[PDB]
Every structure is written in C-alpha cells, then in structure tokens.
>>> print(open('protein.cif').read())   # mmCIF, C-alpha atoms and all ligand atoms
data_my_file
#
loop_
_atom_site.label_atom_id
_atom_site.label_comp_id
_atom_site.auth_asym_id
_atom_site.auth_seq_id
_atom_site.Cartn_x
_atom_site.Cartn_y
_atom_site.Cartn_z
CA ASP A 1 126.76 105.32 89.03
CA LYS A 2 125.14 104.41 85.72
CA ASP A 3 124.22 100.84 86.62
CA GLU A 4 122.48 101.91 89.83
CA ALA A 5 120.72 104.84 88.16
CA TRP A 6 119.33 102.56 85.45
CA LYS A 7 118.16 100.19 88.17
CA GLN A 8 116.13 103.04 89.69
CA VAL A 9 114.37 103.53 86.34
CA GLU A 10 113.68 99.80 86.10
CA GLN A 11 112.19 99.56 89.60
CA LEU A 12 110.01 102.60 88.99
CA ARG A 13 108.78 101.03 85.74
CA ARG A 14 107.98 97.82 87.65
CA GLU A 15 105.91 99.89 90.10
CA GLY A 16 103.88 101.34 87.23
CA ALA A 17 105.33 104.83 86.75
CA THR A 18 104.83 106.19 83.23
CA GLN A 19 106.52 109.62 83.43
CA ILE A 20 109.98 108.61 84.56
CA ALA A 21 112.70 111.12 83.75
CA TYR A 22 116.47 110.65 83.71
CA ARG A 23 119.20 113.29 83.91
CA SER A 24 122.69 112.90 82.45
CA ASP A 25 125.19 114.81 80.33
CA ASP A 26 125.68 111.83 77.99
CA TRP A 27 123.21 110.87 75.27
CA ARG A 28 124.32 107.21 75.36
CA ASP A 29 123.42 107.08 79.06
CA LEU A 30 120.07 108.73 78.30
CA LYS A 31 119.37 106.33 75.42
CA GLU A 32 119.88 103.34 77.72
CA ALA A 33 117.61 104.91 80.36
CA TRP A 34 115.02 105.47 77.61
CA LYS A 35 115.20 101.81 76.62
CA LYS A 36 114.72 100.87 80.26
CA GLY A 37 111.64 102.99 80.88
CA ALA A 38 112.49 106.71 81.08
CA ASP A 39 110.27 108.84 78.84
CA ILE A 40 111.74 112.29 79.64
CA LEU A 41 115.45 112.44 78.84
CA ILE A 42 117.11 115.42 80.51
CA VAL A 43 120.27 116.62 78.80
CA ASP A 44 122.39 118.28 81.50
CA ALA A 45 124.07 121.33 79.97
CA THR A 46 124.98 122.96 83.27
CA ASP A 47 128.76 123.01 82.74
CA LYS A 48 129.21 121.71 79.26
CA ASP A 49 129.73 123.51 75.84
CA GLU A 50 127.35 122.83 72.94
CA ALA A 51 125.44 120.20 74.92
CA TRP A 52 122.72 120.61 72.28
CA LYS A 53 124.65 118.05 70.23
CA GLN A 54 123.45 115.52 72.82
CA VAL A 55 119.91 116.63 71.99
CA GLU A 56 120.67 116.13 68.29
CA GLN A 57 121.66 112.49 68.72
CA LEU A 58 118.74 111.66 71.00
CA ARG A 59 116.44 113.23 68.43
CA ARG A 60 117.96 110.96 65.77
CA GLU A 61 117.45 107.92 67.99
CA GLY A 62 113.71 108.57 68.22
CA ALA A 63 113.12 109.97 71.70
CA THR A 64 110.25 112.47 71.65
CA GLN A 65 110.43 114.08 75.11
CA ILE A 66 113.92 115.55 75.33
CA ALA A 67 114.57 118.13 78.06
CA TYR A 68 117.50 120.53 78.37
CA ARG A 69 118.72 121.80 81.74
CA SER A 70 120.35 125.21 81.39
CA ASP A 71 120.04 128.70 82.85
CA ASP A 72 121.30 130.34 79.65
CA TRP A 73 118.44 131.45 77.45
CA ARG A 74 120.49 131.54 74.25
CA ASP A 75 121.60 127.96 74.94
CA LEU A 76 118.04 126.86 75.69
CA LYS A 77 116.94 128.39 72.39
CA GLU A 78 119.55 126.43 70.46
CA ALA A 79 118.56 123.25 72.30
CA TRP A 80 114.91 123.80 71.34
CA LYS A 81 116.01 124.29 67.72
CA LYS A 82 117.92 120.99 67.92
CA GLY A 83 114.82 119.13 69.15
CA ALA A 84 114.35 119.74 72.89
CA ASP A 85 110.71 120.21 73.90
CA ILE A 86 111.13 120.73 77.66
CA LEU A 87 113.33 123.60 78.86
CA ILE A 88 114.40 123.24 82.50
CA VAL A 89 115.34 126.50 84.18
CA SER A 90 115.94 127.88 87.66
CA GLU A 91 116.29 131.14 89.59
CA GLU A 92 119.87 131.42 88.33
CA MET A 93 118.47 132.33 84.90
CA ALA A 94 117.17 135.70 86.15
CA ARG A 95 120.77 136.51 87.13
CA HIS A 96 121.74 137.93 83.74
CA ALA A 97 119.82 140.88 82.25
CA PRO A 98 117.41 141.51 85.16
CA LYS A 99 113.78 142.33 84.27
CA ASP A 100 112.77 138.86 83.09
CA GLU A 101 114.67 139.16 79.80
CA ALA A 102 115.83 135.55 80.10
CA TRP A 103 112.46 134.36 81.39
CA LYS A 104 110.70 136.29 78.62
CA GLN A 105 112.95 134.76 75.98
CA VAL A 106 112.09 131.27 77.21
CA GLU A 107 108.42 132.33 77.17
CA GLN A 108 108.70 133.17 73.47
CA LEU A 109 109.76 129.54 72.98
CA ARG A 110 106.85 128.22 75.07
CA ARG A 111 104.62 129.60 72.28
CA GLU A 112 106.25 127.12 69.86
CA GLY A 113 104.09 124.02 69.62
CA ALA A 114 104.32 121.60 72.53
CA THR A 115 107.22 123.44 74.17
CA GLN A 116 107.06 123.35 77.96
CA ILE A 117 108.95 125.21 80.67
CA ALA A 118 110.02 123.33 83.79
CA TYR A 119 111.16 125.39 86.78
CA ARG A 120 113.28 123.86 89.55
CA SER A 121 113.66 125.37 93.01
CA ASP A 122 114.27 124.33 96.59
CA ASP A 123 112.24 127.36 97.74
CA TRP A 124 108.46 127.29 98.01
CA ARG A 125 107.84 130.96 97.18
CA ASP A 126 110.22 130.79 94.22
CA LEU A 127 108.35 127.75 92.89
CA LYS A 128 104.95 129.38 93.41
CA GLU A 129 105.96 132.59 91.65
CA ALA A 130 107.41 130.59 88.75
CA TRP A 131 104.11 128.73 88.47
CA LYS A 132 102.27 132.07 88.47
CA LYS A 133 104.44 133.34 85.60
CA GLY A 134 103.63 130.29 83.48
CA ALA A 135 105.90 127.37 84.35
CA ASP A 136 104.28 124.18 83.06
CA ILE A 137 106.25 121.74 85.24
CA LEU A 138 107.25 122.43 88.84
CA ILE A 139 110.30 120.51 90.06
CA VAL A 140 110.36 120.23 93.84
CA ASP A 141 114.06 120.23 94.68
CA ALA A 142 114.04 120.65 98.46
CA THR A 143 116.37 118.04 99.95
CA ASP A 144 114.49 117.97 103.28
CA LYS A 145 112.22 115.10 102.24
CA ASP A 146 109.64 116.20 104.82
CA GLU A 147 109.56 119.70 103.35
CA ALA A 148 109.64 118.40 99.77
CA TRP A 149 106.70 116.06 100.31
CA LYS A 150 104.75 118.88 101.99
CA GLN A 151 105.43 121.00 98.88
CA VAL A 152 104.35 118.20 96.52
CA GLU A 153 101.20 117.81 98.61
CA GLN A 154 100.35 121.52 98.59
CA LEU A 155 100.97 121.84 94.85
CA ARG A 156 98.51 119.00 94.36
CA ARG A 157 95.92 120.66 96.58
CA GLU A 158 96.44 123.93 94.69
CA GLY A 159 95.89 122.13 91.39
CA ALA A 160 99.32 122.07 89.77
CA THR A 161 99.05 119.57 86.93
CA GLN A 162 102.70 118.46 86.39
CA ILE A 163 104.56 118.20 89.70
CA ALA A 164 108.04 116.73 89.51
CA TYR A 165 110.48 115.41 92.06
CA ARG A 166 114.12 114.38 91.76
CA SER A 167 116.12 111.73 93.61
CA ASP A 168 118.78 109.08 93.15
CA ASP A 169 116.57 106.58 95.04
CA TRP A 170 113.46 105.00 93.53
CA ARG A 171 112.02 104.62 97.02
CA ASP A 172 111.94 108.39 97.53
CA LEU A 173 110.57 108.87 94.03
CA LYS A 174 107.79 106.41 94.79
CA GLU A 175 106.91 108.36 97.94
CA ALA A 176 106.75 111.60 95.96
CA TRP A 177 104.60 109.87 93.34
CA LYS A 178 102.16 108.63 95.98
CA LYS A 179 101.92 112.18 97.36
CA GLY A 180 101.06 113.76 94.02
CA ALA A 181 104.17 113.99 91.86
CA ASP A 182 103.62 112.83 88.30
CA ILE A 183 107.14 113.25 86.88
CA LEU A 184 109.80 111.22 88.68
CA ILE A 185 113.34 112.33 87.88
CA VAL A 186 116.07 109.76 88.43
CA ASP A 187 119.16 111.90 88.97
CA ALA A 188 122.49 110.26 89.79
CA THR A 189 124.54 113.24 88.56
CA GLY A 190 125.85 113.84 92.09
CL CL B 1 116.90 118.71 85.93
#
>>> encode(input="protein.cif", output="structure tokens")
Amino acid sequence: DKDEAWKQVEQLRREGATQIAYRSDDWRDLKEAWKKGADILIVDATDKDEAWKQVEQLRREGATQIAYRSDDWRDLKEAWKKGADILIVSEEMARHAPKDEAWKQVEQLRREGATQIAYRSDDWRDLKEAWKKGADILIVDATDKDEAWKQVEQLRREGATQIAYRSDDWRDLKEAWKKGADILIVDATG
C-alpha cells in the first residue's frame, strides 16, 4: 500500500536515516517517495517491458540516484543509458549464458563513471562471492530477521562499506541500520 510505504520513508527520515531507498514499478510513486525522504529510487523492472521509461521520467524530475532492478543484462544496459546509476542484480542473472557473461556485461558498465552494482541474495555464501567479484552494495534479503541481522553484522565486521536491507516495516529497517546497514530499502511491492 502506497500510503503506508510512504509513511515508512517518513518515519525513517524522522529517525535520521539519510540513505533511504524505495522500490516500485511506478515513477510517480517513486517521485513521491523521493519528496518524502528517499534518496535511492529503485525502478522495479522484474516483470515489466521497457521499464527504463520509468528511469527516463525520474531523470527528468531531477533524482540523481536511480536504481534499476533486473536480472537481464541487456535491460540493465538500456536502463543505465537512460540514467540509472545503480544496477541491482541477483543470482538469477547468471542463469542465461553461463560463465559470467551477464555479470561481466554489468561489470563493463561499472567502469562508467559513478555506476554501482548492487547484489541481492538471501544466501550468505552467494552474497560473499558477489562481494568478492566486485559488488559495491550488498543487499541482505534473508527473511529470517535473526539470520539477516547476523549477516548485516558480519558484513560490517568484514568491512563491507554499503550494506543494504529491505523491509516493508521501518522498525525492522531501523534495527538493520543500528546493526550496520547503511542503505534502508522500503519495499512494499509484496
Ligand atoms: Cl531491489
């Protein structure tokens, strides 16, 4: 629900968070979240066609940290061309053309100015290996909050510099933040 999701952004802003993220398929929803305190606007392209047009509008509106969630490297490339600077990928990307072709293609983009790769997983080893191969942002997606907070904590101890965590509940996001997460993704897509 849009109203409740926006409220999560607002409460996190009131708590002092400065790297709030917001995930939606709709640029108008993302623009409102931006107004309310979200700095990272995640365009959800997971089941949509030409979702890079959402990136185009957000670019026009003046947002500077637009992310694009896709496991299709050609689609991520087009999103980058349309103004996305954070490319959010997962294990599903290595599905097609095995031998890191997809990963390697997103790595070519990472060499383009401030372009960053974010890798999401619910699996610790997956996340660690993605970090080793050059992921800039590590999104802890385990739904066992106990396991997720242990992973946020260990990433901090191991020196990961941009740990992210996703929830539909600002209270969980605040707990992740306290434990070392810097990027707090409000995600009411479910
Ligand atoms: Cl995401």
>>> residues_near_ligand(input="protein.cif", ligand="ligand CL 1 (chain B)", cutoff="10 Å", atoms="all atoms listed in the file", output="ChimeraX atom specification")
/A:21-24,41-46,67-70,87-90,118-120,139,141,164-166,185-187,189
>>> closest_residue(input="protein.cif", among="A:27, A:78, A:58, A:33", to="residue 106 (chain A)", atoms="all atoms listed in the file")
A:78
>>> residues_near_point(input="protein.cif", point="(117.6, 115.5, 70.5)", cutoff="12 Å", atoms="only C-alpha atoms", output="ChimeraX atom specification")
/A:26-28,30-31,40-43,51-68,78-86
>>> closest_residue(input="protein.cif", among="A:121, A:151, A:19, A:116", to="residue 184 (chain A)", atoms="all atoms listed in the file")
A:19
>>> closest_residue(input="protein.cif", among="A:109, A:156, A:163, A:122", to="residue 138 (chain A)", atoms="all atoms listed in the file")
A:163
>>> axis_aligned_box(input="protein.cif", around="region 175-188 of chain A", padding_each_side="3 Å", output="lines of an AutoDock Vina configuration file")
center_x = 111.8
center_y = 111.2
center_z = 92.4
size_x = 27.4
size_y = 11.6
size_z = 17.1
>>> residues_around(input="protein.cif", residues="residue 182 (chain A)", least_positions_apart="3", cutoff="10 Å", atoms="all atoms listed in the file", output="ChimeraX atom specification")
/A:17-20,137,152,161-165,173,176-179,185
>>> atom_distance(input="protein.cif", atom1="CA of residue 97 (chain A)", atom2="CA of residue 47 (chain A)")
20.0 Å
>>> closest_residue(input="protein.cif", among="A:99, A:150, A:91, A:117", to="residue 76 (chain A)", atoms="only C-alpha atoms")
A:117
>>> atom_distance(input="protein.cif", atom1="CA of residue 92 (chain A)", atom2="CA of residue 73 (chain A)")
11.0 Å
>>> residues_near_point(input="protein.cif", point="(122.9, 100.7, 90.8)", cutoff="12 Å", atoms="all atoms listed in the file", output="PyMOL selection string")
chain A and resi 1-11+168-170+186-188
>>> atom_distance(input="protein.cif", atom1="CA of residue 94 (chain A)", atom2="CA of residue 74 (chain A)")
13.0 Å
>>> closest_residue(input="protein.cif", among="A:37, A:140, A:149, A:48", to="residue 175 (chain A)", atoms="all atoms listed in the file")
A:149
>>> closest_residue(input="protein.cif", among="A:181, A:12, A:38, A:114", to="residue 157 (chain A)", atoms="only C-alpha atoms")
A:181
